[PDB]
Amino acid sequence: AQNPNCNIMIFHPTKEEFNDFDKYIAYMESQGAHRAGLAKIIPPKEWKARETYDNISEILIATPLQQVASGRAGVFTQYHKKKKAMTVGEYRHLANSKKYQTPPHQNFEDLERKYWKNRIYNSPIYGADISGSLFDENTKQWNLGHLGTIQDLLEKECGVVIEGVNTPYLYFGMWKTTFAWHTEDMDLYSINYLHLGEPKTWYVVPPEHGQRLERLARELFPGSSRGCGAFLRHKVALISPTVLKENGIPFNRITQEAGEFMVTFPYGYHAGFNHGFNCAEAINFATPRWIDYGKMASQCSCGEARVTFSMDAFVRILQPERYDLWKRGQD
Ligand SMILES: O=C(O)CNC(=O)C(=O)O
Ligand SMILES: [Mg+2]
Ligand code: NI
Ligand SMILES: [Zn+2]
């Protein structure tokens with residue numbers, strides 16, 4: 001068995017190996033990369049996502065989200081308070097202001113210590129989930145707006161044609177902006193490219209151990225757990241590496257820098273934080289190996305998780321017994 005300790009693997013494809021996206025995912029899996037839940041892919045030196053980032057300031061963040069925390073430093077929830085619209089140029093200035101800027105630090109480990117000590121005492125503002133792309137249309141390799149769609153993959157594997165579309169999303173971050181513990185919708189893969197700016201630190205639980213994280217979360221968030229049998233689908237709960245280690249939960253960590261891709265694998269729980277002003281692009285995707293995870297994915301039916309149009313068909317075809325209850329949650 002490849003990668004039996006479930007370590008995060010880092011890949012350096014050549015320009016030839018960067019041509020065929022599906023083939024390279026399958027290669028990484030042949031080496032055991034999925035067992036970690038997360039892999040890093042460093043593009044060949046010949047590649048670029050676009051020519052420059054000099055002309056992005058007029059992109060609109062229609063609904064910036066202020067991430068307000070409740071709880072204790074290592075075990076907290078966050079809720080998202082909607083703020084007034086602002087441009088990317090306005091958001092960048094805000095991120096760099098004395099109230100929000102990254103503090104002085106020695107290295108990534110010192111900054112990680114400061115994040116976990118102090119996150120809950122501040123409310124950073126995140127531009128998340130903005131439909132769009134920063135890849136140049138002429139970039140033919142690993143262009144996250146030109147991937148094979150999940151609807152086409154389901155059709156190719158199972159023979160059933162379905163409605164829905166699959167497009168990328170932009171994230172504009174600042175120091176302390178936070179992504180809560182989650183797996184993807186329908187336990188899909190995700191791919192994330194850090195276009196510019198400061199790093200993103202990730203934490204991940206191997207898919208084979210995801211139910212250990214879920215049992216800890218039910219213990220640590222007992223009201224939320226009574227409310228919903230899949231409350232991590234709400235994407236609000238944070239648990240620190242120190243708390244995970246105290247409770248024996250297997251995990252790994254890695255820092256993504258500008259110019260790097262991360263892939264999350266089906267049922268790989270992940271969480272993390274941004275170091276300072278940055279911009280990332282991410283999308284979900286599927287492979288043949290995903291289908292069995294899609295059929296078994298938990299679902300939120302309490303009303304909180306509310307998701308895209310395109311999840312309807314995935315539930316309807318892969319999980320027909322759950323469909324009626326899930327759809328009630330959507331309505
Ligand atoms: O970058 C972020 O805020 C969160 N991203 C992801 O969870 C991802 O790419 O799967
Ligand atoms: Mg612009
Ligand atoms: Ni994710
Ligand atoms: Zn729920």
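When reading the values below, keep in mind they use all heavy atoms of this one structure, side chains included, and skip hydrogens, waters and symmetry mates. When a residue number appears, it is its place in the shown sequence, counting from 1.
With rounding to the nearest 0.5 Å, the separation of CG in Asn166 from CG in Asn284 is 7.0 Å. We find the CD1-CE distance between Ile10 and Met262 to be 8.0 Å, quoted to the nearest 0.5 Å. Between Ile61 atom CD1 and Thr87 atom OG1 the span is 7.5 Å, to the nearest 0.5 Å. Within the model, atoms NZ of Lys23 and CD of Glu17 stand 8.5 Å from one another, a figure rounded to the nearest 0.5 Å. We find the CG-NE2 distance between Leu232 and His182 to be 10.5 Å, quoted to the nearest 0.5 Å. To the nearest 0.5 Å, the span separating OG on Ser240 from NZ on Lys117 amounts to 13.0 Å.
Using a distance-only test at 3.5 Å, with no hydrogens or angles considered, a donor-acceptor pair links the side chain of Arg50 to the main chain of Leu134. With hydrogens and angles ignored, the 3.5 Å screen pairs a side-chain donor or acceptor of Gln78 with a backbone N or O of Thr178. In this structure, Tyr269 contributes its side chain and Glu214 its backbone to no donor-acceptor pair below 3.5 Å. In this structure a side-chain-to-backbone donor-acceptor pair under 3.5 Å is present from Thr139 to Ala49. In this structure, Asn247 contributes its side chain and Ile249 its backbone to no donor-acceptor pair below 3.5 Å. A side-chain donor-acceptor contact under 3.5 Å links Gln319 to the backbone of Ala297. With hydrogens and angles disregarded, no donor-acceptor distance shorter than 3.5 Å links the side chain of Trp326 to the backbone of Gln299. When atom types are taken as modelled, the side chain of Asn252 and the backbone of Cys6 share a donor-acceptor pair closer than 3.5 angstrom. At distances below 3.5 Å, not a single donor-acceptor pair connects side-chain atoms of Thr201 with backbone N or O atoms of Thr255. At least one donor-acceptor pair under 3.5 Å links the side chain of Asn3 to the backbone N or O of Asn7.
For the 3.5 Å distance criterion, the side chains of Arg233 and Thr183 qualify, holding a donor opposite an acceptor. With no hydrogens or angles considered, no side-chain donor-acceptor pair links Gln66 and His80 at under 3.5 Å. Looking only at atom types and distance, the side chain of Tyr24 has no donor-acceptor partner in the side chain of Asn19 under 3.5 Å away. Side-chain contact check for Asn96 and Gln101: no donor-acceptor pair (N or O, by modelled atom type) lies under 3.5 Å.
The shortest side-chain heavy-atom distance between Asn278 and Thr177 does not fall under the 4.5 Å cut-off. Between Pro64 and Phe172, every side-chain heavy-atom pair lies at or beyond the 4.5 Å cut-off. Under the 4.5 Å side-chain criterion, counting only non-hydrogen atoms from C-beta, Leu94 is in contact with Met174. Under the 4.5 Å side-chain criterion, counting only non-hydrogen atoms from C-beta, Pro241 is in contact with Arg253. Residues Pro207 and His34 are not in side-chain contact: their nearest non-hydrogen atoms beyond the backbone lie 4.5 Å or more apart. Under the 4.5 Å side-chain criterion, counting only non-hydrogen atoms from C-beta, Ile150 is in contact with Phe314. No side-chain heavy atom of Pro250 sits less than 4.5 Å from a side-chain heavy atom of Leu213. In this structure the side chain of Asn192 reaches within 4.5 angstrom of the side chain of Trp202, judged on heavy atoms.
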Exercise. Could you go through the side-chain contact (heavy atoms from CB on, under 4.5 Å) check for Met311 and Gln330 one step at a time?
Key: CA-CA 10 Å; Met311 230 186 93; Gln330 242 48 357; 5.9 Å; no
Quiz prompt | Verdict with supporting geometry, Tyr189 and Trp290, ring pair (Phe, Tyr, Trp, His ring centres under 6.0 Å) | solution = CA-CA 8 Å; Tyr189 295 72; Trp290 167 70; 8.5 Å; no
Practice problem: May I have the step-by-step check of ring pair (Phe, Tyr, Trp, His ring centres under 6.0 Å) for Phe21 and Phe285, ending in yes or no? | Solution: CA-CA 11 Å; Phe21 180 84; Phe285 72 91; 5.4 Å; yes
Practice problem: Apply side-chain contact (heavy atoms from CB on, under 4.5 Å) to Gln151 and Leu154, showing your working. | Solution: CA-CA 5 Å; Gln151 299 73 21; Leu154 179 158; over 6 Å; no
Quiz prompt | Working for side-chain contact (heavy atoms from CB on, under 4.5 Å), residues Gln2 and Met9 | solution = CA-CA 11 Å; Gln2 297 268 230; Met9 301 179 70; over 6 Å; no
Quiz prompt | Intermediate values then yes/no, side-chain contact (heavy atoms from CB on, under 4.5 Å), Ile291 and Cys158 | solution = CA-CA 9 Å; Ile291 293 280; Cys158 303; 4.0 Å; yes
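When every heavy atom of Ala85 is checked against every heavy atom of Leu60, the shortest pair comes out as CB-CD1, 4.3 Å. Of all heavy-atom pairs spanning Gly164 and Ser310, the tightest one is CA-OG, 3.6 Å. What you find for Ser131 and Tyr169 is that their closest heavy atoms are OG-CE2, 3.4 Å. Minimum heavy-atom separation, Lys114 to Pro104: CE-O, 3.5 Å. Residues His234 and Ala305 share a closest heavy-atom pair of CD2-N, 4.1 Å. What you find for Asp312 and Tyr323 is that their closest heavy atoms are OD1-OH, 2.6 Å.
For residues 95-117, the ring-ring contact (aromatic ring centres under 6.0 Å, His included) pairs, not counting sequence neighbours, are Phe108-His275, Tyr115-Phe273, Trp116-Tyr203. Residue pairs that meet the salt bridge (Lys or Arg N to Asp or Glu O under 4.0 Å) test with at least one member in residues 193-203, sequence neighbours left out, do not exist here. The list of salt bridge (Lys or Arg N to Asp or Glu O under 4.0 Å) pairs with a residue in residues 150-178, not counting sequence neighbours, reads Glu163-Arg316.
Under the 4.5 Å side-chain heavy-atom criterion for ILVMFWY residues, no single connected hydrophobic cluster contains both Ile59 and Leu194. Hydrophobic clustering (ILVMFWY, side-chain heavy atoms < 4.5 Å, transitive): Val243 and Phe231 are in one cluster. Residues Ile42 and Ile254 fall within the same hydrophobic cluster, defined by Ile, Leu, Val, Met, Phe, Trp and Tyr side chains chained together at heavy-atom separations under 4.5 Å. Under a hydrophobic clustering in which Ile, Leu, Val, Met, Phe, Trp and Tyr are joined whenever their side-chain heavy atoms come within less than 4.5 Å, directly or via other members, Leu153 and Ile283 fall into the same cluster. The hydrophobic cluster containing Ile239 does not contain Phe179, counting ILVMFWY residues as joined when their side-chain heavy atoms lie under 4.5 angstrom apart, directly or transitively.
In this structure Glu281 satisfies the side-chain hydrogen bond (donor to acceptor under 3.5 Å, both in side chains) test together with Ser133, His195, sequence neighbours excluded. Judged as a salt bridge (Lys or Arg N to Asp or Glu O under 4.0 Å), and not counting sequence neighbours, the contacts of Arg35 are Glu208. Checked against side-chain hydrogen bond (donor to acceptor under 3.5 Å, both in side chains), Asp22 has no partners two or more places apart in sequence or in another chain.
Ring geometry, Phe11 versus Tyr27: the interplanar angle exceeds 60°, so the pair is classed perpendicular (tilted spans 30 to 60°).
When the shell of 6.0 Å around CD of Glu321 is examined, it contains 12 or fewer heavy atoms from other residues, nucleotides or ligands.
Ring to ring, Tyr193 and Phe135 are close: their centroids are under 6.0 angstrom apart. Here the two rings, on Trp181 and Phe251, have centers that are 6.0 Å apart or farther.
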